[PDB]
Protein chains: 2
Amino acid sequence: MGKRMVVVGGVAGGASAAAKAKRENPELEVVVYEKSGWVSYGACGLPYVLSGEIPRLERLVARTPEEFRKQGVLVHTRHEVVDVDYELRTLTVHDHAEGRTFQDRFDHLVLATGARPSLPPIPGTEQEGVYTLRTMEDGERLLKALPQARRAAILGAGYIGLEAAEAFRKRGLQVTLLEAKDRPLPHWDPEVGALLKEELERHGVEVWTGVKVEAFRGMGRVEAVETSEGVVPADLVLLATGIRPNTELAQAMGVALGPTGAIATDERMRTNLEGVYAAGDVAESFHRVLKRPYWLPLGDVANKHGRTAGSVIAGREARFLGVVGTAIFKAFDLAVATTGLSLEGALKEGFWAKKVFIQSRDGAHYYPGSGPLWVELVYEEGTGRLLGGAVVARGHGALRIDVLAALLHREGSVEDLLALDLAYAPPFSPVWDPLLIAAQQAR
Amino acid sequence: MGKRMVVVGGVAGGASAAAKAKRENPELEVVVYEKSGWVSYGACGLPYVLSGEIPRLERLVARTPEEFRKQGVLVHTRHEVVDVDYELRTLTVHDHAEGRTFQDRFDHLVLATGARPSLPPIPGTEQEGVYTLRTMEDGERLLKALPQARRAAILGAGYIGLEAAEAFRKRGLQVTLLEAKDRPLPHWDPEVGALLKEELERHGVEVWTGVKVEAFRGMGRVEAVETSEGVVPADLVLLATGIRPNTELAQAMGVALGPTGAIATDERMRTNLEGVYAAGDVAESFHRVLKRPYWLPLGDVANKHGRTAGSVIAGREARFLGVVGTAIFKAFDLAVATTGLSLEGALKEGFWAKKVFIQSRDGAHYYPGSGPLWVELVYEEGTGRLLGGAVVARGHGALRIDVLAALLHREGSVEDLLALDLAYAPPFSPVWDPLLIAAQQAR
Ligand SMILES: Cc1cc2nc3c(=O)[nH]c(=O)nc-3n(C[C@H](O)[C@H](O)[C@H](O)COP(=O)(O)OP(=O)(O)OC[C@H]3O[C@@H](n4cnc5c(N)ncnc54)[C@H](O)[C@@H]3O)c2cc1C
Ligand SMILES: Cc1cc2nc3c(=O)[nH]c(=O)nc-3n(C[C@H](O)[C@H](O)[C@H](O)COP(=O)(O)OP(=O)(O)OC[C@H]3O[C@@H](n4cnc5c(N)ncnc54)[C@H](O)[C@@H]3O)c2cc1C
Ligand SMILES: *SCCNC(=O)CCNC(=O)[C@H](O)C(C)(C)COP(=O)(O)OP(=O)(O)OC[C@H]1O[C@@H](n2cnc3c(N)ncnc32)[C@H](O)[C@@H]1OP(=O)(O)O
Ligand SMILES: *SCCNC(=O)CCNC(=O)[C@H](O)C(C)(C)COP(=O)(O)OP(=O)(O)OC[C@H]1O[C@@H](n2cnc3c(N)ncnc32)[C@H](O)[C@@H]1OP(=O)(O)O
């Protein structure tokens, strides 16, 4: 056939769905409704623009609504879809431009509305120099504030947030990091968080841990931050405390949520309603180690969701087959890579789990420049089964993490990892790869 | 028990064996006889000493005979084992110190004699500024010649050789590369050799291809190199044309050679004689893609041999389970990694094989500094089974090659690679990893 595919949201999942569907089947009418007035941009890059490394914000968009148009795809920014007359029985789609509101129908509907910041309840959040880092507009806001220092407080020592810390220091601010749990990167085992505390500290960041924030001081302006542990003075504050999925519209039309709260999906990205798909951060994914659904709001997973929905609609054969949880981020001079489950998580799930954590190099002892390289393996006591892993390096790669993600994907034991014929040469690895050394193999 | 382990050769295979056995069972009498007067050093490092980047040649050794002694291991350099009275029936081991010759016995024998340069029959090789890069003493000889320029010819455009060209340019010389076959790195598909020709050229290296060397001109000094394509003036010439294993003493004792010419072995590194193992460059290894014995003289495989033999002897349970051929080297601003089979070799072996070759980046389009990244996949037509692949980057690393090595290890298809959840973030990968892009996925 040659019918009508409506994409709600156009950031990553949504743009992927649109771009792939129209390529795979040029008969479709493909329309994207984005509320934000930008479309198809790398949120991941926002801290590099903040920091000054990337000169202009527009650098971050992959495709313009104009290039889209050239390619058969009609994108509307600043259009919010306010209601769907689903099943029910499509029309559906009332939505809003500049001035007006109006109707549309669809044959295939891709929900790709993303995630919004998850705001803690703290009096004084509403003030003038409290910010959030999610969108292009967020970037504009911030980018205005920044030059004109002086003192920043960042709530949340998650990856973005560690990422913001570096950006603000690169922009000359003094920065203190506040975290309610005891370590930075609290969702991973503590050795890694340690490494990070030391690197933040080396670069002038103050890291307050185990800290209850009580309010943001000011008369609508923000100058403080009052905490259980004292008062942090700050004319800019960044809330970096989580995101939650944008599910509200999809519940209105009776799309089912999964246990995570994100929209449920099958290997075809299809929801519970016929003709409705979801993609990207509003959607659950099957975690392959946990053997259940999971929310993993990463941008590469959004692209793989989007592209699967896209292909499926264009009548190609395409399945999405799940995640293992691999992430990497850059914080100052560390590259921090995780995958699978941390020992704590492994334990919480009931495994009889053990961890090893080793410190190697990134190149021969004798090689000029060779840096430290840590690897963590989390495994199942008896079986040897791999459950998760971390590698940290200065390295632009390592990224060695990818090998673990590979193994986690099938069952994959410590034994299997030992048997792997990895690449040796003095500039890149010691003669035993740090993954091999960590395998069984020292403690 | 508490018997006597004798290791002939003490470079990498040999050293690993000795060190692992003594640790694993301290009751062993462990003695190493090395002919070369150095022991336990990184030949792979030699070009970085050549180039000046690593200041002194001793920086390459990992353990001194002294530190070994402290750890229960007796090493003798400048000791050649000249005969073995095998089975036969051990005394065996007549060998030679400084002055003397003498007898020893063994209960376990590890043959780790390595490999020697494989010289093409060329009149005038015997002269004064012709050199080879294999040993610590080779390193001395060249380090003497180097400062004092002026014109270098390298025969052979293998990894050492490309490695040498870089070293020599960093040391001021003009360098011309002479290769008999049509490409640099003739052993791999040609895309890769091409990228290297361009890099070599961009750094001042002249690269003569399809070139028959006829002889080394001079009166016992060398100043030329006469070739089917003209005359290359050269006061220093590096022969970098292959190695062959040192199987001579082992044949004398009736140890069996494999079809490769290297010593045959089992998963326990045991030879055909009871009590006799081999480790390192003298030893074959089972290739897991080709499902037969293979020669893969790399230093990481030597450590893996060595440590297996070692363990086995101290009566730990240990097995070596083959290789897949993964290698990586650095030539100027390229890191070049291959694994499995090139398409050529794939086809020689009779697979219905195809290849894909793609060029991506190492980091988001918008990220500062992101470089190119290429990836080659070699696969079976129908099944989708991976057969080999290459990745080249500037990257320290990528090294992504390890993922393929991983997959090659189990059967592993292009499909499987596709399903992998790798790590995305702007500094390190585009949002589709270049492995993923390559997979089915563009041509
Ligand atoms: C600072 C930062 C750094 C990051 N770094 C990384 C990294 O290093 N690696 C990585 O893999 N990921 C990273 N991410 C994650 C990235 O933002 C997402 O995971 C990815 O872009 C997936 O997006 P998506 O299309 O599902 O939706 P989102 O990017 O959440 O966007 C959906 C858009 O659709 C719109 N929409 C919502 N409701 C409606 C409606 N009712 N009608 C019409 N339109 C609507 C929204 O306004 C929104 O802008 C980072 C994110 C941030 C914020
Ligand atoms: C310039 C250069 C660069 C390299 N780069 C890399 C790289 O980037 N990555 C990688 O994986 N590999 C690399 N290698 C490979 C490395 O040399 C070997 O593959 C590795 O060290 C394995 O060694 P082995 O112990 O089996 O024996 P070898 O290293 O060949 O040494 C065994 C030693 O035992 C001695 N011996 C021999 N016969 C007798 C006898 N009859 N009695 C007593 N003693 C004896 C020899 O004199 C010799 O020095 C490189 C090599 C060179 C030369
Ligand atoms: S914060 C996380 C990041 N978020 C974002 O990426 C937001 C922006 N991205 C997007 O909006 C989508 O990713 C877009 C760009 C809309 C989707 O783009 P397309 O789906 O059109 O994808 P591409 O233009 O990247 O190309 C897709 C096809 O092109 C082949 N290909 C890509 N790159 C290469 C290289 N380097 N060499 C050879 N071929 C390449 C891909 O294989 C793909 O092929 P198919 O034809 O789809 O199989
Ligand atoms: S050109 C190719 C390279 N050639 C060479 O390597 C030549 C020189 N090398 C050698 O001679 C051998 O590799 C030597 C150094 C003699 C062998 O040394 P050992 O066998 O004693 O090995 P190590 O001292 O490296 O230690 C082995 C045990 O130590 C554990 N371990 C290593 N590194 C770490 C780090 N960074 N963090 C924690 N643990 C570490 C190894 O796992 C290994 O453990 P065991 O299981 O006890 O052997």
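Residues numbered from 1 in each chain as written, not as in the entry; some residues may be left out. Chains lettered and ligands numbered in written order. Heavy atoms only, no water.

Regarding how it was determined, this PDB entry cites X-ray crystallography in its header, along with a resolution of 2.900 Å.

Engineer: Which residues make up the overall build of chain A, and what values do they have?
Structural biologist: A count of helical and extended segments in chain A gives 13 helices and 25 strands. The C-alpha atoms of chain A give 23 Å as radius of gyration, which agrees with the globular expectation for 443 residues (22 Å, within 12%). For chain A, the spread of C-alpha atoms along the three principal axes comes to 65 × 60 × 40 Å. For chain A, the share of sequence-separated contacts (at least 6 apart) that also reach a separation of at least 24 residues comes to 62%. A total accessible area of about 17700 Å² is found for chain A, and carbon and sulfur atoms account for 50% of it. (Helix = DSSP H or I, 4+ residues; strand = E, 2+ residues; numbered from the N terminus. Rg over C-alpha atoms; globule rule 2.2 N^0.38 Å. Contact = heavy atoms within 4.5 Å. Areas by Shrake-Rupley, 256 points an atom, 1.4 Å probe, with all protein chains shown as cover.)

Engineer: How would you explain the relation of the copies chain B and chain A if you had to name every residue and give the values?
Structural biologist: Under the fitted operation, chain B is carried onto chain A by 0.0 Å of movement along the axis and a turn of 179°, and the coordinates agree to an RMSD of 0.1 Å. Each copy turns onto its partner about a two-fold axis. Both copies present the same face, since 97% of the interface residues in chain B are matched by interface residues at the equivalent positions in chain A. (Least-squares fit on C-alpha atoms.)

Engineer: Account for the site of ligand 3, with residues named and values stated.
Structural biologist: The environment of ligand 3 is formed by 23 residues, the closest being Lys20, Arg23, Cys44, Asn303 and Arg307 of chain A. Neighbouring residues of ligand 3 are not confined to a single chain but are spread across chains A and B. A distance of 2.4 Å separates an oxygen atom of ligand 3 from a polar side-chain atom of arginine 23 of chain A. One of the side-chain N or O atoms of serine 40 of chain A is found 2.9 Å from an oxygen atom in ligand 3. Starting from 970 Å² of accessible surface for ligand 3 in isolation, the protein chains cover 71%. Elements that contribute at least two residues to the shell around ligand 3 include exactly α1 (13-24) and α9 (299-313) of chain A together with β23 (353-361) of chain B. The class makeup of the residues in the shell around ligand 3 is 12 nonpolar, 7 polar and 4 charged. (Near = heavy atom within 4 Å. Polar contact = N/O pair within 3.5 Å; in protein donor to acceptor, adjacent residues only side chain to side chain. Nonpolar A, V, L, I, M, F, W, Y, C, P; charged D, E, K, R; others polar.)

Engineer: Break down the nonpolar core for me, citing the residues and quoting the values.
Structural biologist: The biggest cluster of nonpolar side chains holds 87 residues, and the ones touching the most others in it are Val375, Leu377, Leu387 and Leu417 of chain A together with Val375, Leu377 and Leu417 of chain B. When neighbours within four sequence positions are excluded, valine 375 of chain A is seen to be in contact with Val356, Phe357, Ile358, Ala390, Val391, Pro434, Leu435 and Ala438 of chain A. Formed by 49 residues, the second largest nonpolar core is a distinct cluster that contains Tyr131, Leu195, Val336 and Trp374 of chain B. (Core = buried A, V, L, I, M, F, W, Y, C linked by side-chain atoms within 4.5 Å. Buried < 20%, exposed > 50% of the residue type's maximum accessible area, 1.4 Å probe, protein only.)

Engineer: So, the interface of chain B and chain A: which residues are in play, and what are the values?
Structural biologist: Counting from both sides, the interface comprises 59 residues of chain B and, opposite them, 57 residues of chain A. When chain B packs against chain A, close to 5200 Å² is buried across both sides, 65% of that on carbon and sulfur atoms. Among the residues of chain B in contact with chain A, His396, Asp421 and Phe428 of chain B are the three that bury the most area, contributing 16% of the side total. Where chain B packs against chain A, one counts 0 salt bridges. (Buried area = accessible area lost by both parts, 1.4 Å probe. Salt bridge = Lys/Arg side-chain N within 4 Å of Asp/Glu carboxyl O.)

Engineer: Describe the domain arrangement of chain A, naming the residues involved and giving the relevant values.
Structural biologist: Residues and elements named next belong to chain A. Looking at the assigned domains, one finds that chain A contains domain 1 (1-35 + 62-114 + 245-326), domain 2 (43-60 + 115-243) and domain 3 (334-443). Summarising the inter-unit geometry, the C-alpha centres of domain 1 and domain 2 are found 31 Å apart. Tallying the contact residues gives 10 residues for domain 1 and 6 residues for domain 2. Seen at the junction of domain 1 and domain 2, the total is 2 salt bridges. For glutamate 248, the salt bridge goes to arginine 116, with nearest N and O atoms at 4.0 Å. For the pair domain 1 and domain 2, the number of links is 2 residue pairs in polar contact. Looking at the side of domain 1 that touches domain 2 residue by residue, the classes come out as 5 nonpolar, 3 polar and 2 charged. (Domains from an automatic or database assignment.)

Engineer: Could you give an account of the packing of α1 of chain A against α9 of chain A, naming the residues involved and the relevant values?
Structural biologist: Residues and elements named next belong to chain A. Interhelical geometry of α1 versus α9 gives an angle of 35° and a closest axis separation of 7 Å. The handedness of the crossing between α1 and α9 comes out as right-handed. Note on element contacts: α9 touches α1 through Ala302, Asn303, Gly306, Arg307, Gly310 and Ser311, opposite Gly13, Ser16, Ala17, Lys20, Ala21 and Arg23. Its residues assigned to classes, the contact of α1 with α9 shows 3 nonpolar, 6 polar and 3 charged. (Axes fitted to C-alpha atoms, helices over the stretch in contact; angles between N-to-C directions. Left-handed = near helix turned anticlockwise from the far one by under 90°.)

Engineer: Account for helix α5 (residues 136-145) of chain A, with residues named and values stated.
Structural biologist: Residues and elements named next belong to chain A. Residues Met136, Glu137, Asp138, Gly139 and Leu142 constitute the buried set of α5. Against the buried residues of α5 lie α2 (46-50), β9 (130-132) and β16 (236-239). Capping the start of α5 is the job of one residue whose side-chain oxygen sits 3.2 Å from the backbone nitrogen of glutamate 137: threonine 135.

Engineer: Can you break down the pattern of salt bridges residue by residue, with the values?
Structural biologist: All names here are of chain A. Applying the stated rule across the entire model yields 68 salt bridges over all chains. Between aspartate 281 and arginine 134 there is a salt bridge, and its shortest N-O distance comes to 2.9 Å. Of this pair, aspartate 281 sits in the loop between β18 (276-278) and β19 (285-287) while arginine 134 is found in the loop between β9 and α5, placing the two residues 147 residues apart along the sequence. Look at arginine 134 and you get partly exposed, because its relative accessible area is 23%.

Engineer: How would you sum up the site of ligand 2? Please name residues and give values.
Structural biologist: Near ligand 2 there are 39 residues, and of these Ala12, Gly13, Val81, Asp281 and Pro297 of chain B occur at the shortest range. Looking at the residues close to ligand 2, they fall on chains A and B. Contact between ligand 2 and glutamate 34 of chain B: an oxygen atom at 3.0 Å from a side-chain N or O atom of the residue. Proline 297 of chain B places a main-chain nitrogen or oxygen 2.9 Å from an oxygen atom of ligand 2. Protein contact buries 94% of the 1100 Å² of open area that ligand 2 shows by itself. Listed by contribution, the elements that provide at least two residues to the shell around ligand 2 are α1 (13-24), β4 (80-83), α6 (159-170) and α9 (299-313) of chain B.

Engineer: Please provide a residue-by-residue account of the sheet that holds strand β13 (residues 213-215) of chain A, values included.
Structural biologist: Residues and elements named next belong to chain A. The strand order β13-β14-β15 describes an open sheet built from 3 strands, whose pairing is antiparallel. The sheet terminates laterally at β13 and β15 (230-231), the two strands that pair on one side only. Sheet analysis places strand β14 (residues 226-227) next to β15, joined by 2 bridges and oriented antiparallel. Paired with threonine 227 across the strands is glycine 230, a residue of β15. (Pairing = 2+ DSSP bridges.)

Engineer: Give me the packing of aromatic side chains: which residues, what numbers.
Structural biologist: The full count for this structure, using the stated rule, is 6 aromatic pairs over all chains. For the ring pair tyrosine 48 of chain A and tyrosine 367 of chain B, a centre distance of 5.1 Å and an interplane angle of 80° mean the geometry is edge-to-face. Here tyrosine 367 of chain B lies in the loop between β23 and β24 (372-380) and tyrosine 48 of chain A lies in helix α2, a pairing that spans two chains. Ring centres of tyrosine 159 of chain B and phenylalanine 329 of chain B lie 6.1 Å apart, and the angle between their planes is 40°; this geometry places the pair in the tilted category. Residue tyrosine 159 of chain B is found in helix α6, and its partner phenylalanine 329 of chain B is found in strand β21 (residues 327-331); the two are separated by 170 residues along the sequence. (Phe/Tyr/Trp six-rings, centres within 6.5 Å; stacked < 30°, edge-to-face > 60°.)

Engineer: I'd like to hear about the pairing of strand β10 (residues 151-155) of chain A, residue by residue, with values.
Structural biologist: All names here are of chain A. In terms of burial, β10 is largely enclosed, as 4 of its 5 residues are buried. Sheet topology places β10 next to strand β11 (residues 174-178); 5 bridges connect them, and they run parallel. Residue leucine 155 lies in a different strand from β11, and its bridge partner there is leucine 178. Taking the sense of rotation as the criterion, the β-α-β connection linking β10, helix α6 (residues 159-170) and β11 turns out right-handed. (Right-handed = clockwise from strand over helix to strand, strands pointing away.)

Engineer: Help me get a handle on the sheet that holds strand β22 (residues 334-340) of chain B, residues and values and all.
Structural biologist: All names here are of chain B. Taken in spatial order, the 5 strands line up as β21-β22-β25-β24-β23 in an open sheet, and their pairing is antiparallel. Taken across any chain shown, the strands that pair with only one partner, and hence form the sheet edges, are β21 and β23. For this sheet the average axis-to-axis angle between neighbouring strands, irrespective of direction, equals 10°. Most of the contacts of helix α11 (residues 401-409) go to strand β25 (residues 386-393), to which it runs at about 170°, and overall it touches β22, β24 and β25.

Engineer: Can you lay out the UniProt feature "binding site: NAD(+) 2" (unreviewed entry) in chain A for me, pointing to particular residues and giving the numbers?
Structural biologist: Residue and element names in this part refer to chain A. Annotation from UniProt places "binding site: NAD(+) 2" (unreviewed entry) at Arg134, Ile160, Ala180, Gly242, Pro297 and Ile328. For the residues just named, distributed over 195 residues, the greatest C-alpha separation reaches 22.6 Å, placing them at more than one site. Within the secondary structure, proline 297 sits in the loop between β20 (292-294) and α9. Judged by its relative accessible area of 22%, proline 297 is partly exposed. Setting aside residues no more than four positions away along its own chain, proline 297 makes contact with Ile243 and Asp281. (UniProt positions renumbered as here; feature names shortened; annotations may be inferred.)

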